[PDB]
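First comes one chain, alone, set out as structure tokens in the form deposited in one PDB entry.
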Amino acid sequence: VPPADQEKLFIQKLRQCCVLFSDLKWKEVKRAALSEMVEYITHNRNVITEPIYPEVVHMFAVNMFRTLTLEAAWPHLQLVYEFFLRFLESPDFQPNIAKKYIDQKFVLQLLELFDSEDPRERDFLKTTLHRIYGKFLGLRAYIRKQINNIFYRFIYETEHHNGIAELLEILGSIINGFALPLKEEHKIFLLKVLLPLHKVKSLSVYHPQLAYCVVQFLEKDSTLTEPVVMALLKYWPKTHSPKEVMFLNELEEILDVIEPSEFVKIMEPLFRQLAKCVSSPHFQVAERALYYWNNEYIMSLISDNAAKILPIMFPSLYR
């Protein structure tokens, strides 16, 4: 008995995975069907046809778009994340056909899953949205607007979102790909959203990703250097806290990118703060600040402006 062609089996397998769950029997059937379909689209060409696009997006929405540490049926959900990634990354993938089903409502529901407590799920969501942003040109502006709103609600309202760091990782690759002169909206996003993110109590959870976005902005356009540095000194822990190691880490990564033209404009308030870190009661804060002297580029920057920096770093040596 001929068991129908390959495209029909693909559609039926996708619809089997829409029946949400002999409990161990049917869960194993869907797990085998997902792994079977993963291998199908990975090692075959011309298998993602037009009727496949709605079946795949529907199966993903039925399994993933739900009401929300680790997941219960995660080995089942991981296969759906993996199949959908191979779906987006396949050479047969045509965004002109998929945009009828991967739209603003799909993206909006995908972003709400970033609040998941499962780090493995947030990592699959991070990569999924990264592929969607890169391949759907008509959704790029909408995706950044929603990320901007998520960050805004995280700063000035109920300040908790379990995926702030994952969203910053996506933005980092977006900022790294910005074009010739920056759009004015990008500079507004840096000075009014990315910089206020340094005040939140849980900064250490996402500080390495936030610091990468800040140095990528200054690496694109060096004009933002003064308002960026002055904001860091504003949000700097005025109390003697071990959190200053993060700021000292971010400040040196800026100095490895800073231009001599902009460095003169903020050097005095910078090293005045840096001098107080050397005098900190916390050994780790002073240890990190003293490590600046090993940076040959900072040394050259201080040498070309030795008349005003050295009196600050050594107040007893001068006069």
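Rigid core (definition): largest C-alpha set, two forms, superposition within 1.5 Å. Residue numbers run from 1 along the displayed sequence.
Enquirer: Given the other compared entries that model the residues flanking it, would you say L270 is unmodelled in at least one third?
Expert: Comparison shows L270 kept in all of the other entries.
Enquirer: Determine if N44 is unmodelled in a third or more of the other PDB entries compared for this protein.
Expert: That residue is present in all of the other compared entries.
Enquirer: Report, from the record, the number of residues in the deposited sequence between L68 and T69 that have no coordinates, as none, 1 to 3, 4 to 9, or 10 or more.
Expert: Missing residues, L68 to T69: 10 or more.
Enquirer: Are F21 and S22 truly consecutive in the deposited sequence, or are residues between them missing coordinates? Give the number as none, 1 to 3, 4 to 9, or 10 or more.
Expert: Going from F21 to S22, the model skips 4 to 9 residues of the deposited sequence.
Enquirer: Per the entry, where is the mean C-alpha temperature factor higher: 163 to 171 or 177 to 185?
Expert: In the deposited entry, the stretch with the higher C-alpha B-factor mean is 177 to 185.
Enquirer: Taking the recorded C-alpha temperature factors, which stretch has the higher mean, 233 to 241 or 121 to 129?
Expert: Averaging CA B-factors over each stretch, the winner is 233 to 241.
Enquirer: Which of these has the highest Cα B-factor in the record: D221, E82, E112, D92?
Expert: In this record, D221 carries the highest C-alpha B-factor of the candidates.
Enquirer: What's the residue among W26, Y40, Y53, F60 with the greatest CA temperature factor in the PDB record?
Expert: Each of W26, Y40, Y53, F60 was compared by C-alpha B-factor; the highest is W26.
Enquirer: Can you tell me whether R288 has a C-alpha B-factor in the lowest, middle or highest third compared with the other modelled residues of the same chain?
Expert: Lowest third.
Enquirer: Please say which third, lowest, middle or highest, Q146 falls into when its CA temperature factor is compared across its chain.
Expert: As the PDB entry reports it, the C-alpha B-factor of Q146 lands in the middle third of its chain.
Enquirer: Would you check the entry's CA temperature factor for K199 and let me know if it's in the chain's lowest, middle or highest third?
Expert: It falls in the middle third of the chain.
Enquirer: Within this chain's modelled residues, let me know which third the CA B factor of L137 belongs to: lowest, middle or highest.
Expert: Its C-alpha B-factor, which the entry lists for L137, ranks in the lowest third among residues of this chain.
Enquirer: Is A211 in the lowest, middle or highest third of its chain when residues are ranked by C-alpha B-factor?
Expert: According to the entry, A211 has a C-alpha B-factor in the chain's lowest third.
One more form of this protein should be noted, the form deposited in another entry, which is absent from this view; the next part is about it.
Enquirer: Rigid core as reference, CA moved 2 Å or more between this form and the one not shown - which of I48, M37, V285, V56?
Expert: Single hit from the list, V285.
Enquirer: Does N305 count as moved between this form and the one not shown, where moved means a C-alpha shift of 2 angstroms or more after fitting the rigid core?
Expert: Yes, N305 moves 2 Å or more.
Enquirer: For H240, state whether the C-alpha moves by 2 Å or more between this form and the one not shown after rigid core superposition.
Expert: Comparing forms between this form and the one not shown, the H240 CA shifts at least 2 Å.
Enquirer: When the rigid core is used for the superposition, does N295 move between this form and the one not shown (threshold: C-alpha shift of 2 Å or more)?
Expert: True for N295: a C-alpha shift of 2 Å or more.
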